[PDB]
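Presented below, as structure tokens, is a lone chain in the form deposited in one PDB entry.
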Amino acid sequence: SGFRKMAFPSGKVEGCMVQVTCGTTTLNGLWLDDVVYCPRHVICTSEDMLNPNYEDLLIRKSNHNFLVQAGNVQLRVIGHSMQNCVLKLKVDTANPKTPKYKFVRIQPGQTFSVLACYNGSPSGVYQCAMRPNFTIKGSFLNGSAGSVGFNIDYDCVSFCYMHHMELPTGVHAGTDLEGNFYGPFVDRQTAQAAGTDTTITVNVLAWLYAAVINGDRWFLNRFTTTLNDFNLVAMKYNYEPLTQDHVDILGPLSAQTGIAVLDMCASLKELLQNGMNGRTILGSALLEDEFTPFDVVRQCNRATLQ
């Protein structure tokens, strides 16, 4: 019983974090085999961050300009490549703690765990979701760039996010591990803003089906709605329109419980218009969009053979 927002265990990622310093600019890098991946703006001085020409900044930088430290071990840079917004530093030492890994680019709505680091030291770990506007509603301070986001399936760490910058609004933006930005953003200290943040309707649906499994069935269906109508009421509450793939992605949830997406969309229809009153669902006092279908079923209470 119980229902918490869990991150994956962070140990396999902790063994890859290092400090990268170029000049008087320091952030974090991800050390896999003999390459350290880090945001490319580690090469920029304070003023160069308004409109950098990263090409030209890098061509003036030699290897000794880079200090990379794994704890008390200095790793010497023997070469570099710029790949999109991420800089690959080849180092003289292959990381003996490299886990089985891959790079994957996630989709908005999907969740992952973040290991927030400063000065190459892991600070803490927390679970989050890619918002539909491609930002993450994270918790990041200056010096946290290079912190990565990941998922762990069996023993294989799928890295999906590297952290670069914070938007004026306070939300965060970054790239995959190939350095391509998530969203229409750029690594430049320039006035930028994200689109309108919708709510991940499919995630809130998987959440309600969860409540139904564990026992919280207050506010359960008492009506119906054509997918279109829900979208109309959801539009006023910046709720991401619901598609039939959304209706199918629930998989073993409309079933294995026997309630319908529309019946749930109807309970959601009311809680967005009339409110939650004083009651709560799975502890949360607000509709939750950071749980996906896989996250839901893992924590759900099981049947007891007697």
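Between two forms, the rigid core is defined as the largest C-alpha subset superposing within 1.5 Å. When you see a residue number, it is the position in the sequence shown, counting from 1.
Absent from the display: the form deposited in another entry. The rest refers to it.
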Superposing on the rigid core between this form and the one not shown, the only one of 227, 82, 167, 186 with a Cα displacement of 2 Å or more is 227
Quick one: once the rigid core is lined up, does residue 56 have its C-alpha move by 2 Å or more between this form and the one not shown?
-> no
C-alpha of residue 265: shift of 2 angstroms or more between this form and the one not shown, rigid core aligned?
-> yes
2 Å or more on the CA of residue 67 between this form and the one not shown, with the rigid core superposed, yes or no?
-> no
